[PDB]
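What follows is a set of notes on a single structure, which appears directly below.
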Amino acid sequence: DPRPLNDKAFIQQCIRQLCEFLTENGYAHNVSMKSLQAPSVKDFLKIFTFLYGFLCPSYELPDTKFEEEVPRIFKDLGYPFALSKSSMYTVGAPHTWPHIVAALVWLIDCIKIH
């Protein structure tokens, strides 16, 4: 894994990129650096739904089996890094969020092109 996910400054950079993309592109809810430090599973899913909607406009917010569906979508998009069920259940936890925010930023990058 080539990513410096332990570098706290690097993960603030990822969070800032998330904050800026959501803000710039008309996400429905107020977001801040503060509110993106440790999101709930429900807020993560709202964020993920907003982002994946750029690629799949009819995409609906998951809930049932989201811990299966969300990693499956990333896998299907060619994301090379592991997203475990454990991570899905604990997305906002201190040692989980860095991996998840990295995945969202990669998703943002792929939206920004395609």
Side-chain angles (χ1 to χ4, degrees):
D1 188 341
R3 305 167 298 171
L5 300 178
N6 251 76
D7 183 307
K8 287 180 203 319
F10 174 72
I11 104 115
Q12 292 306 127
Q13 186 169 257
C14 297
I15 293 169
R16 184 56 177 239
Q17 297 257 38
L18 181 55
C19 189
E20 286 186 11
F21 188 87
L22 295 177
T23 299
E24 287 180 15
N25 294 101
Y27 185 56
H29 311 297
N30 285 334
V31 299
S32 62
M33 290 306 282
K34 181 183 195 275
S35 80
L36 292 167
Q37 298 296 134
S40 64
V41 166
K42 254 39 216 174
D43 284 331
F44 162 73
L45 291 175
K46 295 171 196 252
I47 290 167
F48 172 75
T49 297
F50 173 82
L51 299 178
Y52 187 50
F54 284 94
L55 302 183
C56 174
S58 64
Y59 188 65
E60 280 194 275
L61 217 206
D63 63 308
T64 268
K65 278 180 157 34
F66 79 93
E67 70 269 36
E68 291 179 23
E69 177 166 322
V70 174
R72 193 210 324 116
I73 290 164
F74 276 98
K75 198 191 159 62
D76 287 355
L77 294 171
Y79 192 58
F81 304 112
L83 294 175
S84 68
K85 291 176 187 189
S86 290
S87 289
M88 292 294 95
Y89 294 141
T90 65
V91 289
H95 295 289
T96 301
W97 185 232
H99 281 85
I100 304 304
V101 73
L104 297 176
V105 167
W106 172 92
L107 182 53
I108 284 162
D109 202 49
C110 271
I111 292 160
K112 278 169 128 191
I113 306 142
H114 323 260

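Scope of the values below: all heavy atoms of this structure, side chains included, with no hydrogens, waters or symmetry mates. The first residue of the sequence shown is numbered 1, and numbering continues consecutively from there.
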Give every donor-acceptor pair under 3.5 Å between a side-chain atom in residues 42-51 and any protein atom, sequence neighbours left out.
{"unit_1": "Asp43", "atom_1": "OD2", "unit_2": "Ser40", "atom_2": "OG", "d": "3.3"}
{"unit_1": "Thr49", "atom_1": "OG1", "unit_2": "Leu45", "atom_2": "O", "d": "2.8"}

Can you check whether [X] reaches [Y] side chain to side chain, under 4.5 Å on heavy atoms?
{"X": "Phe54", "Y": "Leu107", "answer": "no"}
{"X": "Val41", "Y": "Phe66", "answer": "yes"}
{"X": "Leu55", "Y": "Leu77", "answer": "yes"}

Please name all residues satisfying side-chain hydrogen bond (donor to acceptor under 3.5 Å, both in side chains) with [X], sequence neighbours left out, ordered by chain then number.
{"X": "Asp63", "result": "none"}
{"X": "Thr23", "result": "none"}
{"X": "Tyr59", "result": "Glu69"}

Original post:
Which pairs, with at least one residue in residues 104-114 and sequence neighbours excluded, count as a side chain to side chain donor-acceptor pair (under 3.5 Å)?
Top reply: none
Original post:
Which pairs, with at least one residue in residues 95-104 and sequence neighbours excluded, count as a side chain to side chain donor-acceptor pair (under 3.5 Å)?
Top reply: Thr90-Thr96
Original post:
With sequence neighbours excluded, what pairs up with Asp76 under the salt bridge (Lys or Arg N to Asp or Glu O under 4.0 Å) test?
Top reply: none
Original post:
Can you list the residues that meet the salt bridge (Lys or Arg N to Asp or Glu O under 4.0 Å) rule with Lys65, with sequence neighbours excluded?
Top reply: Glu68
N/O donor-acceptor pairs under 3.5 Å from side chains in residues 10-17, not counting sequence neighbours:
{"unit_1": "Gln12", "atom_1": "OE1", "unit_2": "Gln37", "atom_2": "NE2", "d": "2.9"}
{"unit_1": "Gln12", "atom_1": "NE2", "unit_2": "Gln37", "atom_2": "OE1", "d": "2.9"}
{"unit_1": "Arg16", "atom_1": "NE", "unit_2": "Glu20", "atom_2": "OE2", "d": "2.8"}

Subject >> Non-neighbouring partners of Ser32 that pass side-chain contact (heavy atoms from CB on, under 4.5 Å), sequence neighbours left out >> reply: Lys34, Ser35
Restricting to non-hydrogen atoms, name the atom on [X] and the atom on [Y] that form the minimum distance, rounded to 0.1 Å.
{"X": "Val70", "Y": "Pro62", "answer": "CG2-CG, 4.4 Å"}
{"X": "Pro71", "Y": "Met88", "answer": "CG-CG, 3.7 Å"}
{"X": "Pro98", "Y": "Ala93", "answer": "CD-O, 4.4 Å"}

Original post:
Is the CG atom of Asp1 crowded by more than 12 outside heavy atoms at less than 6.0 Å?
Top reply: yes
